[PDB]
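Enquirer: Structure incoming, see below.
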Amino acid sequence: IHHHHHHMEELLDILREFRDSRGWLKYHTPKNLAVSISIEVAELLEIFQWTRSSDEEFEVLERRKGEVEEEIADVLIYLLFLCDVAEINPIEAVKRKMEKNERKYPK
Amino acid sequence: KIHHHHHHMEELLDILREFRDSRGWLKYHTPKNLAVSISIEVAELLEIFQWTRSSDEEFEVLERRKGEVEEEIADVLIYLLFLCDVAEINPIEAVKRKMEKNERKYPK
Amino acid sequence: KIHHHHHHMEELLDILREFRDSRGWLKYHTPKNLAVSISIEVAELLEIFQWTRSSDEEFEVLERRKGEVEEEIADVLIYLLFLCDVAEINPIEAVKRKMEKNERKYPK
Amino acid sequence: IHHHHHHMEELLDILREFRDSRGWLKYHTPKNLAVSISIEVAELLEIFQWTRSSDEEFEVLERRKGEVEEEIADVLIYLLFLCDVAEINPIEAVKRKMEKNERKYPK
Ligand SMILES: [Cl-]
Ligand SMILES: [Cl-]
Ligand SMILES: [Mg+2]
Ligand SMILES: [Mg+2]
Ligand SMILES: [Mg+2]
Ligand SMILES: [Mg+2]
Ligand code: NA
Ligand code: NA
C-alpha cells in the first residue's frame with residue numbers, strides 16, 4: 001500500500017473550499033494575489049523590523065515564533081491561490097528553478 | 001499489507017538543503033535575510049504585471065509570460081522553505097492552523 | 001536688494017532629525033533597517049487597494065480612503081528621508097540625475 | 001527678495017513633462033503606482049540582501065552608493081507620480097504624521 005503525500009495539493013483543496021463557499025474567486029486576479037503576497041511578506045518582515053544583529057534575529061524568532069508561523073502561512077496561502085489561477089505546479093516550479101540554479105552556481 | 005508512505009515535501013526540502021550546504025550558504029540564512037529575500041522575489045513577481053490596467057489584461061500577460069511567473073513563484077517558495085528550515089516551522093501545519101482561524105473570523 | 005532663501009526641505013528634515021534624536025532612535029537607523037521600514041510602509045499603502053478590480057474602482061477607493069493613503073505616503077517618505085540622512089544622499093539631486101538617465105533610455 | 005524652494009513641487013514639473021511627452025499618464029492608476037513603489041523599494045533592499053551586520057551594511061552603502069542613490073530616486077519618482085494622481089501634498093502629509101507621532105511617542 002503506497003501513500004503519495006502531496007501536501008500542497010491537499011492544502012489547495014482546503015483553500016478552494018474556503019474561497020468558493022464565500023464567492024471570493026472573483027477577487028483572485030493574478031495581480032491582486034501577487035499584491036496579497038507582497039502584503040503578507042511585509043507582515044513577516046515587520047516582526048524583525050528593528051533588529052541589529054543575526055543574534056537578535058534568532059531571539060525575536062524564538063519569542064515571536066507564533067507570529068512568524070502565521071505570516072509564513074499567509075504568504076503560502078496566497079502563493080497557492082495564485083498557483084490555482086495561473087495553473088502552475090509550485091513543486092515542479094521549485095524543482096526546475098533549483099536545476100537551473102545548479103548549473104548557474106556549480107560546485 | 002505493508003504501508004509505504006512517500007514524503008515528497010521532505011524530498012523537495014532535501015534538494016534545497018543539499019544546494020545550500022554544498023555551497024556553504026547556511027551562514028547567510030538568518031531569519032531577516034530570508035524574509036528580505038522573499039520580499040525581493042515577490043517584487044520580481046509583481047513586476048511582470050506592473051502596468052496592467054484590467055483583470056482581462058492580467059490574464060493575457062499571465063498567459064504570455066507564464067514562464068517568468070513560474071520562476072518567481074519558485075523563487076518565493078524556495079526562500080520561504082529555507083526560512084521554514086531555519087525556524088523549524090512546518091508550513092503545511094501553519095496553513096492548516098491559519099485556515100482554521102480564518103474559518104472562525106469569516107464564518108459561513 | 002538682499003536675497004533670502006528658504007530651505008523648506010531642510011526644515012522638514014530638521015523636524016525628522018529632532019524626533020529621532022530626542023528618542024535616541026538613531027542607533028536603530030541602519031541602512032538595511034530603514035530599507036526594511038520603507039518596504040513595510042509601501043505594503044501598508046498597497047493594502048488600501050488590495051482587492052480592487054478596475055482602475056475605475058481604485059479612484060473610488062482612493063477618494064473614500066484618502067486619509068489612509070495620505071498616512072502611508074507620509075510613512076514611506078519619512079523612512080526614505082531618514083535613509084537619505086544616514087547615507088548622506090540628496091534625494092532631489094538623485095531624482096534629477098535619474099530623470100536625466102530616463103531621458104536617454106526613453107527618448108522623445 | 002524671497003526665494004521659497006519647494007523642491008518636490010519642482011521635481012514634479014520635471015516628472016509631469018516626462019510622463020506627458022510620452023503619454024504614460026494613462027498607466028498611472030493608484031494601484032499601478034503603489035505597485036511601482038513596491039518594486040523599487042525591493043530594488044533598494046536587494047543591494048543589502050545578504051549582509052550579516054550593521055557594520056557590513058555601512059560598508060555595502062559606501063561601495064554601492066550609486067546603486068542606493070538610484071533606487072532612492074526610483075522610490076521617490078513613483079511616490080511623487082502617486083501624489084500627483086491622488087492630489088496629495090507629500091510634505092504636508094509628513095508634517096501631519098510627525099505631529100501624530102509626537103503625541104503617540106511623547107518625551
Ligand atoms: Cl512530506
Ligand atoms: Cl531645501
Ligand atoms: Mg498576515
Ligand atoms: Mg527571482
Ligand atoms: Mg504606516
Ligand atoms: Mg530601480
Ligand atoms: Na545559528
Ligand atoms: Na554608524
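Labels for the C-alpha cells follow display order: chains A, B, ..., residues from 1 in each chain, ligands from 1.
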At a cut-off of 10 Å and counting only C-alpha atoms and all ligand atoms, what residues surround ligand 6? Please answer as number ranges by chain.
Expert: C: 98; D: 36-37, 39-44, 67-75
Enquirer: Please report as a ChimeraX atom specification which residues of chain D come no farther than 9 Å from chain A, using only C-alpha atoms.
Expert: /D:35,38,52-54
Enquirer: Using 7 Å as the limit and counting only C-alpha atoms, can you tabulate each residue of segment 2-106 of chain A that touches segment 33-41 of chain C, with its shortest atom-to-atom distance in Å and the two atoms involved, as JSON lines?
Expert:
{"residue": "A:42", "atom": "CA", "partner": "C:40", "partner_atom": "CA", "distance": 5.1}
{"residue": "A:46", "atom": "CA", "partner": "C:40", "partner_atom": "CA", "distance": 6.5}
{"residue": "A:49", "atom": "CA", "partner": "C:33", "partner_atom": "CA", "distance": 6.4}
{"residue": "A:50", "atom": "CA", "partner": "C:33", "partner_atom": "CA", "distance": 5.9}
Enquirer: For chain A, which residue out of C:4, C:23, C:12, C:43 is the nearest one, using only C-alpha atoms?
Expert: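 Looking only at the distances to chain A, the closest residue turns out to be C:43.
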Enquirer: In Å to one decimal, how far is atom CA of residue 79 of chain C from atom CA of residue 29 of chain D?
Expert: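 It comes out at 23.7 Å.
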Enquirer: Given a cut-off of 7 Å, what residues near ligand 4 show up using only C-alpha atoms and all ligand atoms, put as JSON, numbers by chain?
Expert: {"B": [41, 44, 71, 72, 75]}
Enquirer: Using the selection just defined, write its residues with N, CA and C atoms as a PDB file, in the first residue's frame.
Expert:
ATOM      1  N   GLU B  41      11.885  38.645  -4.099  1.00  0.00           N
ATOM      2  CA  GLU B  41      11.278  37.831  -5.118  1.00  0.00           C
ATOM      3  C   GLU B  41       9.812  38.129  -5.406  1.00  0.00           C
ATOM      4  N   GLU B  44       9.772  40.723  -7.819  1.00  0.00           N
ATOM      5  CA  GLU B  44      10.078  40.237  -9.181  1.00  0.00           C
ATOM      6  C   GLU B  44       8.815  39.711  -9.833  1.00  0.00           C
ATOM      7  N   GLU B  71       8.901  31.116 -12.633  1.00  0.00           N
ATOM      8  CA  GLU B  71      10.197  31.332 -11.979  1.00  0.00           C
ATOM      9  C   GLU B  71      10.098  32.087 -10.679  1.00  0.00           C
ATOM     10  N   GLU B  72       9.273  33.129 -10.657  1.00  0.00           N
ATOM     11  CA  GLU B  72       9.214  33.994  -9.483  1.00  0.00           C
ATOM     12  C   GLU B  72       8.424  33.351  -8.368  1.00  0.00           C
ATOM     13  N   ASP B  75      10.951  31.157  -6.856  1.00  0.00           N
ATOM     14  CA  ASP B  75      11.870  31.923  -6.015  1.00  0.00           C
ATOM     15  C   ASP B  75      11.263  32.263  -4.649  1.00  0.00           C
TER      16      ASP B  75
END
Enquirer: Skip residue 18 of chain D itself and residues of its chain fewer than 3 positions away, then list as a list in words all residues within 12 Å of it, counting only C-alpha atoms.
Expert: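 Listed by chain and then number, they are residues 96, 98, 99, 100, 101, 102, 103, 104, 105, 106, 107 and 108 of chain C; 11, 12, 13, 14, 15, 21, 22, 23, 24, 25, 77 and 81 of chain D.
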Enquirer: I need the chain B residues near chain A as a ChimeraX atom specification; criterion: at most 7 Å, counting only C-alpha atoms.
Expert: /B:1-8,30-32,35-36,38-39,42,45-46,49,55,58,70-71,73-74,78,89,91-92,94-95,98
Enquirer: Taking the DSSP assignment computed from this structure's backbone, write out as a VMD selection string all residues of chain C that belong to strand (DSSP E or B).
Expert: chain C and resid 4 to 7 54
Enquirer: Residues of chain C classed as alpha helix (DSSP H) by DSSP on the backbone are to be reported as number ranges by chain.
Expert: C: 8-23, 31-48, 55-64, 66-87, 91-105
Enquirer: Residues of the last selection are to be written out with C-alpha atoms, as a PDB file, in the first residue's frame.
Expert:
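Writing the result to out26.pdb gives the following:
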ATOM      1  CA  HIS C   8      11.753  74.193   3.345  1.00  0.00           C
ATOM      2  CA  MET C   9      13.194  70.679   2.760  1.00  0.00           C
ATOM      3  CA  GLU C  10      15.994  71.187   5.235  1.00  0.00           C
ATOM      4  CA  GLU C  11      13.306  72.415   7.645  1.00  0.00           C
ATOM      5  CA  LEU C  12      11.325  69.196   7.185  1.00  0.00           C
ATOM      6  CA  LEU C  13      14.412  67.028   7.764  1.00  0.00           C
ATOM      7  CA  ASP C  14      15.071  69.020  10.929  1.00  0.00           C
ATOM      8  CA  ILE C  15      11.639  68.004  12.289  1.00  0.00           C
ATOM      9  CA  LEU C  16      12.585  64.357  11.430  1.00  0.00           C
ATOM     10  CA  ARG C  17      16.067  64.593  12.983  1.00  0.00           C
ATOM     11  CA  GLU C  18      14.690  66.190  16.138  1.00  0.00           C
ATOM     12  CA  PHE C  19      12.098  63.373  16.626  1.00  0.00           C
ATOM     13  CA  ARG C  20      14.737  60.747  16.035  1.00  0.00           C
ATOM     14  CA  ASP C  21      17.412  62.140  18.322  1.00  0.00           C
ATOM     15  CA  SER C  22      15.099  63.135  21.192  1.00  0.00           C
ATOM     16  CA  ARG C  23      14.097  59.473  21.387  1.00  0.00           C
ATOM     17  CA  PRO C  31      20.693  51.197   6.044  1.00  0.00           C
ATOM     18  CA  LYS C  32      19.008  47.847   5.869  1.00  0.00           C
ATOM     19  CA  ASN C  33      16.568  48.579   8.770  1.00  0.00           C
ATOM     20  CA  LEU C  34      15.447  51.756   7.053  1.00  0.00           C
ATOM     21  CA  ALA C  35      15.023  49.995   3.686  1.00  0.00           C
ATOM     22  CA  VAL C  36      13.053  47.274   5.520  1.00  0.00           C
ATOM     23  CA  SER C  37      10.876  50.049   7.109  1.00  0.00           C
ATOM     24  CA  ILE C  38      10.144  51.552   3.636  1.00  0.00           C
ATOM     25  CA  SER C  39       9.155  48.091   2.339  1.00  0.00           C
ATOM     26  CA  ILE C  40       6.783  47.681   5.316  1.00  0.00           C
ATOM     27  CA  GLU C  41       5.113  51.014   4.736  1.00  0.00           C
ATOM     28  CA  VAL C  42       4.622  50.637   0.976  1.00  0.00           C
ATOM     29  CA  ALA C  43       2.849  47.384   1.761  1.00  0.00           C
ATOM     30  CA  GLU C  44       0.558  49.383   4.162  1.00  0.00           C
ATOM     31  CA  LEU C  45      -0.149  51.651   1.181  1.00  0.00           C
ATOM     32  CA  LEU C  46      -0.755  48.652  -1.130  1.00  0.00           C
ATOM     33  CA  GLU C  47      -3.202  47.120   1.302  1.00  0.00           C
ATOM     34  CA  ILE C  48      -5.631  50.013   0.840  1.00  0.00           C
ATOM     35  CA  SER C  55      -8.909  51.397 -12.471  1.00  0.00           C
ATOM     36  CA  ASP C  56     -12.350  52.973 -12.015  1.00  0.00           C
ATOM     37  CA  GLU C  57     -12.599  51.261  -8.626  1.00  0.00           C
ATOM     38  CA  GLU C  58      -9.128  52.320  -7.426  1.00  0.00           C
ATOM     39  CA  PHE C  59     -10.147  56.007  -7.704  1.00  0.00           C
ATOM     40  CA  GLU C  60     -13.311  55.340  -5.713  1.00  0.00           C
ATOM     41  CA  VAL C  61     -11.203  53.681  -3.021  1.00  0.00           C
ATOM     42  CA  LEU C  62      -8.628  56.471  -3.211  1.00  0.00           C
ATOM     43  CA  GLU C  63     -11.395  59.107  -2.791  1.00  0.00           C
ATOM     44  CA  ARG C  64     -13.046  57.095   0.054  1.00  0.00           C
ATOM     45  CA  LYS C  66      -7.806  59.289   1.121  1.00  0.00           C
ATOM     46  CA  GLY C  67      -6.685  59.829   4.721  1.00  0.00           C
ATOM     47  CA  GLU C  68      -5.231  56.340   4.998  1.00  0.00           C
ATOM     48  CA  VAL C  69      -3.452  56.842   1.633  1.00  0.00           C
ATOM     49  CA  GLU C  70      -2.051  60.120   2.870  1.00  0.00           C
ATOM     50  CA  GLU C  71      -0.685  58.440   6.055  1.00  0.00           C
ATOM     51  CA  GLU C  72       1.102  55.670   4.206  1.00  0.00           C
ATOM     52  CA  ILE C  73       2.608  58.060   1.685  1.00  0.00           C
ATOM     53  CA  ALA C  74       3.905  60.008   4.734  1.00  0.00           C
ATOM     54  CA  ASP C  75       5.317  56.815   6.275  1.00  0.00           C
ATOM     55  CA  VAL C  76       7.162  55.852   3.074  1.00  0.00           C
ATOM     56  CA  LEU C  77       8.657  59.300   2.654  1.00  0.00           C
ATOM     57  CA  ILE C  78       9.617  59.625   6.371  1.00  0.00           C
ATOM     58  CA  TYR C  79      11.718  56.472   6.259  1.00  0.00           C
ATOM     59  CA  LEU C  80      13.100  57.366   2.827  1.00  0.00           C
ATOM     60  CA  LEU C  81      14.298  60.697   4.220  1.00  0.00           C
ATOM     61  CA  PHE C  82      15.751  59.027   7.322  1.00  0.00           C
ATOM     62  CA  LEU C  83      17.755  56.772   4.927  1.00  0.00           C
ATOM     63  CA  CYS C  84      18.884  59.803   2.923  1.00  0.00           C
ATOM     64  CA  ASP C  85      20.244  61.290   6.176  1.00  0.00           C
ATOM     65  CA  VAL C  86      22.266  58.257   7.287  1.00  0.00           C
ATOM     66  CA  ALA C  87      23.556  57.761   3.694  1.00  0.00           C
ATOM     67  CA  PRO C  91      17.060  62.795  -2.854  1.00  0.00           C
ATOM     68  CA  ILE C  92      16.242  65.863  -5.005  1.00  0.00           C
ATOM     69  CA  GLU C  93      19.602  65.508  -6.755  1.00  0.00           C
ATOM     70  CA  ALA C  94      19.122  61.752  -7.112  1.00  0.00           C
ATOM     71  CA  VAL C  95      15.752  62.250  -8.850  1.00  0.00           C
ATOM     72  CA  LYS C  96      17.126  64.860 -11.231  1.00  0.00           C
ATOM     73  CA  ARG C  97      20.042  62.556 -12.089  1.00  0.00           C
ATOM     74  CA  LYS C  98      17.783  59.550 -12.563  1.00  0.00           C
ATOM     75  CA  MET C  99      15.330  61.524 -14.777  1.00  0.00           C
ATOM     76  CA  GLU C 100      18.283  62.631 -16.927  1.00  0.00           C
ATOM     77  CA  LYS C 101      19.157  58.930 -17.363  1.00  0.00           C
ATOM     78  CA  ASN C 102      15.495  58.117 -18.062  1.00  0.00           C
ATOM     79  CA  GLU C 103      15.603  60.775 -20.840  1.00  0.00           C
ATOM     80  CA  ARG C 104      18.393  58.946 -22.644  1.00  0.00           C
ATOM     81  CA  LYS C 105      16.848  55.489 -22.198  1.00  0.00           C
TER      82      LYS C 105
END
Enquirer: For a test of reading the model, state the distance in Å between atom CA of residue 25 of chain C and atom CA of residue 28 of chain B, rounded to one decimal.
Expert: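 That distance, rounded to one decimal, is 26.7 Å.
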Enquirer: Do you have the atom CA of residue 24 of chain B-atom CA of residue 59 of chain A distance handy?
Expert: 23.0 Å
